[PDB]
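Chain order of the listed sequences is AC, AY and AL. If you're matching positions, the first sequence starts at 53 in PDB author numbering and goes up one per residue. If you're matching positions, the second sequence starts at 3 in PDB author numbering and goes up one per residue. If you're matching positions, the third sequence starts at 2 in PDB author numbering and goes up one per residue.
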Amino acid sequence: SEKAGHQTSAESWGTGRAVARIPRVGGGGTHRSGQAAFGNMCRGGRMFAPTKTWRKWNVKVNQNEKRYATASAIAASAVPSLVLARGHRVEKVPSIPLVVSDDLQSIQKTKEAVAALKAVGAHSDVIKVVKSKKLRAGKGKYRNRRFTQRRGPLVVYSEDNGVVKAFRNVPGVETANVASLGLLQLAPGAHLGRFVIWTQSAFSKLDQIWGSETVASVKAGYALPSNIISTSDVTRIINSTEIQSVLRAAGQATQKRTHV
Amino acid sequence: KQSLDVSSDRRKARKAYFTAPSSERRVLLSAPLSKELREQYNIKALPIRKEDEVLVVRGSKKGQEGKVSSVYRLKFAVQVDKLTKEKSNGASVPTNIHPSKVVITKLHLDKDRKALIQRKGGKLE
Amino acid sequence: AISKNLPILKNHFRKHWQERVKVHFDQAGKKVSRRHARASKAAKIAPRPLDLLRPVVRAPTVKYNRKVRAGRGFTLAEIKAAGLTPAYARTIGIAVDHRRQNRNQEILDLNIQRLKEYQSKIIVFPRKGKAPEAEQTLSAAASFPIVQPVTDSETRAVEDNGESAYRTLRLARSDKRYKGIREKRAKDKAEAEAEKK
RNA sequence: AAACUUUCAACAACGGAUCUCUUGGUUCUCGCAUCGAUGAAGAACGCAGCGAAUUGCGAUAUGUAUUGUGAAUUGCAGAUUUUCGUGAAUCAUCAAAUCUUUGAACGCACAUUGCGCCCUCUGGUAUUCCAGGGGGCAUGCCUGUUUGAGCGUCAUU
RNA sequence: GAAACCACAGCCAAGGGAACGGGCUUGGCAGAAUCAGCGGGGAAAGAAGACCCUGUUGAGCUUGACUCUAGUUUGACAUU
RNA sequence: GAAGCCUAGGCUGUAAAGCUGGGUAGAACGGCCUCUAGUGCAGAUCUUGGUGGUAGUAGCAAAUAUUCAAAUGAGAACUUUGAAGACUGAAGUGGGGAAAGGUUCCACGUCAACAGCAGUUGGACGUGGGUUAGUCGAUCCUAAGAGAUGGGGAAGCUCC
RNA sequence: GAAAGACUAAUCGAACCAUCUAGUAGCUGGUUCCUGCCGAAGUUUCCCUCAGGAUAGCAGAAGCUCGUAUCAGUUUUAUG
RNA sequence: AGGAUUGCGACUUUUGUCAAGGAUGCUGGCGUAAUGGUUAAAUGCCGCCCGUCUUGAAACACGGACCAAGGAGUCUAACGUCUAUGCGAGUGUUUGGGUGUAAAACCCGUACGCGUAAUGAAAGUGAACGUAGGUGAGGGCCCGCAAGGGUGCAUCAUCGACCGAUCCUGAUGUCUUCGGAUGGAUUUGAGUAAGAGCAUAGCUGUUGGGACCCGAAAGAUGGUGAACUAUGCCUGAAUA
RNA sequence: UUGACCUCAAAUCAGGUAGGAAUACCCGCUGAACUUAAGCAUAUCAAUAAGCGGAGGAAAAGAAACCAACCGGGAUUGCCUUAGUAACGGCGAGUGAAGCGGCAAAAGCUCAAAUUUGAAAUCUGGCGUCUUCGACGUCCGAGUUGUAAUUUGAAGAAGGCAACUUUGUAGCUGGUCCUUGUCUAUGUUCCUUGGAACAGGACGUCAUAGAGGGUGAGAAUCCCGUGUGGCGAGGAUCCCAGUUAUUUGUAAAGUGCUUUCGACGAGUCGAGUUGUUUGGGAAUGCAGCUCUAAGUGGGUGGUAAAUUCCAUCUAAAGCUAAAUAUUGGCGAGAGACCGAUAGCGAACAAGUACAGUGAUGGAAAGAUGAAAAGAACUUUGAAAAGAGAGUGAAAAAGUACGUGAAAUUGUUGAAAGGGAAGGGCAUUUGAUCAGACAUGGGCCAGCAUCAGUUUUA
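Here's what the structure looks like:
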């Protein structure tokens, strides 16, 4: 607000009269005249360090740093270890990097869309987003945040022929275009690996958006980031052949107790 | 939600309900038609009025049926006859029921109640 | 008050600055108001572009004379050179500026080409009856862009003649410093005292 | 040894913390431009079948006419039958009217329900006195109209 | 059927100690619950010392302290 | 049977704390990975609200004064009537007004609170009733004063 | 103001009501959860400086280049 | 204490044995309130009331009768060192435009800020004699069976070279007063010598802001009071 | 003697118009101090608060007496840069712009100064008639001390010669833009728990509708809505589209060549001096006073003059949408915001009750249950109430009402008590309590031989 605590006019009695000092209300004839004001400890007083509008809300981020994180999130869509660890019932599904035909792009109604998720390898993931639905613990109950529920699968596409309208009313399913595609949908709650459902035209477009060795990029002055190490498997390198053949033998891991 | 002229807000929704005008409470206090009457007129629900004929389907009173006495719009209720408590001193007092539970059975008709059915898209009187 | 090994700052916050603070929360919402305004104007006007056709102009000062930029209006000399009146030009989507002058043959030609290219490509509907509509192109700047003039020959001869560019600047600068006194020294000695002889 | 004093537990007091709730606040965004001498904002005094306050309205007083919806209002009465209707209602709507005494407040005053003047109809014997019903009388400034003032000044007897 | 006051409470001597203990140390000692009186103590209550000094804190009054000022008076130009 | 609350029950951690039995009660709330803040109280002659000891104690002592029966009522040192004693002693505890209050005047009902004891009484509480002018006042005239207008000031609120 | 710095609505050596105002303070009082490791200073020079700051000293944290180095709050021989 | 074996040894004719790199063997009673746990009282010894300013407090120094809830280093504009992240002679999308499942997410690029060059008051001029120079130290690698030799980044010390200012010197030429060749100097700079920065985020520190919380005697602007009391005027009343 | 003109009056003359309110933002005047400088006086806070006058949905500003020194830009307004920079300042503390460059938005124009002079061509009111925000006709008045047409410096006019390309004013329907009304899917099937299914389990249905709210406990499918699209009504009307009347015209506009002219704002500009203000420094703007111009003239070019050139605009009169502001008003959306000592002073009959002569000051106070079903009837009492009964899932929910903590009090039970209590280490006694002897029918000690550390003959 402002002008909250300042509305009353009050100054301290001071020394002589045995009380504290600290501003008291003027002498009328009520059950209030004599009481304190202004100070942060007082009833109906001022808030200490009152909140203001011009505090920093939004945060600027580098353009290359977003595209680094967004690219790594699309790598997390594949690899089955990160998907199962981050929820998702993906036991049935034959392999991952899951691609679907372009007949999906021309779906009209929900009745068609629900039957598609059963045949592909889902619906158990959508049934999860249904038993889930429960109340909040805090005060979102009376601030238009009355229910929680968990996230479902994502449906990526290139062209629109009524795909968004069909999957809108399905409990857990979200949709997104390939051209856009941000960090929020891919890695919500700062955890990698969401269960993505790609289409054929969407999956084929990824070389034209990001790039490869011979293929360019399209984004203005962008190439994909290279890693420090080539292959993540270090245990293969340490054993291998060339490194281990050089050096002296081990000392039996754990030693004896001496000078007991 | 899709349009921008509707408020998904708990405070504004409840304020509209509790401080509604008397004419608007006619639309809120409605009741569904029975499976027998749903084949005749082809309408699922209507506003409940004074001289009717109604069946209680839920609560402690279910099984009984009687005649409606007065639509109590002030308290969001409808006093049905033969649904009473006999107090210790020997005096009958009506018990209030919300009309969403109640089911209509033999509709009362005028000029406008017929024309109301014609407006919605329903055959017959 | 002071004292470690820090730079001496200059913070001008000894007036009632908190009363006169602005925070631009409206940036996102105000963008949609402008996109709505640009769209709704095009609906009213219908087949015409939103922009007036502007000329090509060279910039002032030593810092920016090496670049060209879109001016305000076409002048009265250039509008005459193409073959039309100034009063008529204002209703066809051509900006006019009565105060800009021409002291350059290169800019004079460029803008005559710009008007002839404009007059050819646009169509005009009569006042009376038929009006064969042909959609709307919004931006005049898109169809008629501004290109930088090329004064370039990539491969070229190497004609030296022992003059030295550095020595040319030192002599030329010395003439500007001393022409004042060198005129007055010539106005004495050779003139005044020796014209008396 | 009891009473008395002090510490703990169960039940009962005193008091309203804790926990859950919420038709209210606070900030931010988006849209639109509408007070008054045709009497405003504010103020007093009144009006309901039974109201003191709050909410509405002005002796046409919790309102009248006009339009829409189509049977209520409800603490207790009481009707009206208006209930196949030119129509219930503390409903919504709102374009015709009413609008006490005041207030920029305007006939002169105003710690007064003080004191006058003009036109007009009706009573008491009445151009002049008394009462009653109705309509009027402020200040500055502008445009015009009608009477005028000044050897300020022009022509004619 | 109240108020002031109230860290916790209420027996002395000497010692040492922020140099005058109701609580620490060494001795004297020590018996439920209570009622009239009384002014020896509780450095008893009253009021962030008014005396005194400090503050780069003030105000009232005085003056050949420093810098100003309404009023008044002399001269120039305008009214002429 | 969620939260909260009570418990000379139990277990773990050096500790900040956590888990759990029994009782009470009747709608929401936890763990693990991260984000974020109006994020932990014994003190401030701290702020607001509540309750103690002190204590059934200080005290309820100025205006000379009360007593006997009868009635009403559940109940009478205190109300109503009788009888006896008293005082103010007409510059009065008498009879009327001004300022100021505003129904306190008066009748019928009736004692939860108030009348620092009591109460059947009351300037209390509930429901009604009551102020009649040609001659009494106001209205009218002027006093010390106040104050429009014609004018002249002032950027102006307005000043003379 | 028949003079006391009197009285001016319990307010007078300059009334009361709101606002600027959360006025300023080198001065007083307070400043909310556990264990673990290291651990001070009251001294030098300048200041309308002496109840206060700057500057060095003492303290912690983060470490970097190296791996028995040319070191020691000490002794001895030679020599001031 | 520890919890397969590994060691040093001793005594052994030998196998084996052992007090040798930390206790095994045999026996009895009870199997639960007996042993332990908490809790209350008694007995022995010990123990002054916390918080605070101070060289020094149990203090005859200050605050504290008691309980519940509230109650005090926060946010911002410029910044410094250190740390993580992205790109790296460059870096920064978000004033603004394009799009959109609509304050989000995604895309676009002219400019512009800082950095890539300094030094002078200014007029101005403006960084390679040489493997971007020698000397002393230097990790690491190379040659060698070793002793030792070779090559030596970072950095530290040290003497030189180059650019700017400062003070002298003043060549060919030439509007005869301009021009500044080459050579120098106990001077001098926040310079060059195979570039390091820019952007975001975090703890700590700084300066302005109410600025960790409460606290003056004052000062200024614009208003309200002569029912008390001070004094004068108009009109009434009162005093055996 | 009669009638004009010029100045000034009067009327309850005919008809109009001005005041106050609100004030968040906007245009002016007026004008502080606390504070900072560790003191204090210029400075700073500040060209700010309070005070006074005046507007609108915006206001102000605006078509160069400008910025520049370039190969020159081209009305105003705002945002990003310029820059914490050039300057100012007891040169201390501190203060502090603008040009170019990139964007948002772009729109331009009117009088005076010339003779219609072969026809005051112009306008208010009165009276009359019509299709009434007006139009037509007629009668007085205004006005020649100047009302129309014509022209505004970008020009422009008056003549001569020469080719001509253009035109205009009403209402009717429809779209468009607002205010609105109505219509448009799917279970209340079976079983357990309960006072009550909106809970749990089984079996379905609709989905361009699984936003939100209501109903006796967490409802897409019970109700209102939501989503998708239809169908009305009532205004606004020139914005567009399509039509129909008209009926403008011999009049209005534009352009090539050539000759003569080409009117441009005065107690102003500019100078001196005083006070105030700015970053503006021999003086940035404003105001008072004294002096007072000019015709290739006057202004400016960020150091005072005199002398000579160059570049740039044309002052002393006026109008104008947009991008920009907004703690006030009317109408809609949202939130990592507060949750009844918080949040506005106010979730309740709050600017209310109450205090002051007066300006002003200014509180506390939310929750029975799904439903009042708000406790009939007996009996004790003068009555209030009490015991029973009765309602309800519960009266350990009784209108002193959800839950009901601590201080603080009463009763019962257990323990101790010779000038206080209350703690720490260790036992004993009294109370009370966890923990693997169950399968077929661990706790507490004793002796022997060793190891490690010691003690005593």
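Even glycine gets a Cβ: it sits at the ideal position worked out from N, Cα and C.
With a cut-off of 8 Å on Cβ pairs, the segment 136 to 150 of chain AC is in contact with the segment 173 to 183 of chain AC, counting three or more such pairs. Per the Cβ contact rule, the segment 23 to 33 of chain AY is not in contact with the segment 109 to 118 of chain AY (fewer than 3 Cβ pairs under 8 Å). Counting only the Cα atoms, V59 (chain AY) lies some 37 Å from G190 (chain AC). The DSSP-derived three-state label of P87 (chain AL) is helix.
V248 (chain AC) sits in a strand when the DSSP states are folded into three classes. Counting along the chain, the unbroken beta strand (DSSP E) around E88 (chain AY) starts and ends at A79 to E88.
Judged by DSSP secondary structure, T227 (chain AC) falls within the beta strand (DSSP E) whose first and last residues are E226 to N229. By the C-beta criterion, the segment 46 to 53 of chain AL is judged to be in contact with the segment 141 to 161 of chain AL, since at least 3 inter-stretch pairs fall below 8 Å.
In the three-state DSSP reduction, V152 (chain AC) falls in the strand class (E or B).
Under the Cβ distance rule, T105 (chain AC) counts among the residues neighbouring chain AL, one pair being separated by less than 8 Å. In this model, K188 (chain AL) and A88 (chain AL) are separated by some 56 Å (Cα to Cα). Residues of the segment 147 to 169 of chain AL that bring their beta carbon within less than 7 Å of a beta carbon in chain AC are absent altogether. When C-beta distances to chain AY are compared with 7 Å, the residues of the segment 177 to 202 of chain AC below that value are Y194 and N196, in chain order.
Shown in chain order are the members of the segment 6 to 19 of chain AY whose Cβ falls below 9 Å from a Cβ of chain AC: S10, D11, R12 and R13.
In this model, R309 (chain AC) and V178 (chain AC) are separated by some 59 Å (Cα to Cα).
Looking at the backbone, the Cα of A33 (chain AY) and that of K103 (chain AY) are separated by about 7 Å. Counting only unbroken stretches of 3 or more residues, no beta strand (DSSP E) element lies wholly within the segment 53 to 96 of chain AC.
The three-state reading of DSSP puts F199 (chain AC) in strand, counting E and B together.
Annotation: the segment 89 to 127 of chain AY contains the following complete segments of the alpha helix (DSSP H) (minimum length 4 residues), in chain order: 113 to 122.
The contact set of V24 (chain AL) on chain AC, defined by CB atoms closer than 8 Å, consists of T105 and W106 in chain order. Around the C-beta of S297 (chain AC), fewer than 16 other C-beta atoms lie within 10 Å, and the residue is accordingly described as exposed.
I249 (chain AC) is positioned such that its CB atom lies no closer than 8 Å to that of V230 (chain AC). Annotation: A137 (chain AC) to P149 (chain AC) spans about 17 Å, alpha carbon to alpha carbon. Rounded to whole angstroms, the separation of the alpha carbons of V69 (chain AL) and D153 (chain AL) is 16 Å. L187 (chain AC) has AC:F199 as its beta-bridge partners, per DSSP.
The criterion of a C-beta distance shorter than 8 Å is not satisfied by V82 (chain AY) and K52 (chain AY). The Cβ-Cβ distance between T97 (chain AY) and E55 (chain AY) does not fall below 8 Å. As a beta-bridge residue in DSSP terms, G68 (chain AY) pairs with AY:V56. Annotation: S71 (chain AY) to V182 (chain AC) spans about 43 Å, alpha carbon to alpha carbon.
For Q307 (chain AC), the number of other beta carbons within 10 angstroms of its own is below 16, and it is reported as exposed.
Taking one beta carbon from each stretch, the segment 203 to 219 of chain AC and the segment 236 to 255 of chain AC have 3 or more pairs nearer than 8 Å; the two touch. Residue nearest to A128 (chain AC) within the set AC:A301, AC:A239, AC:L156 and AC:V166 is AC:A239 (criterion: CA-CA distance).
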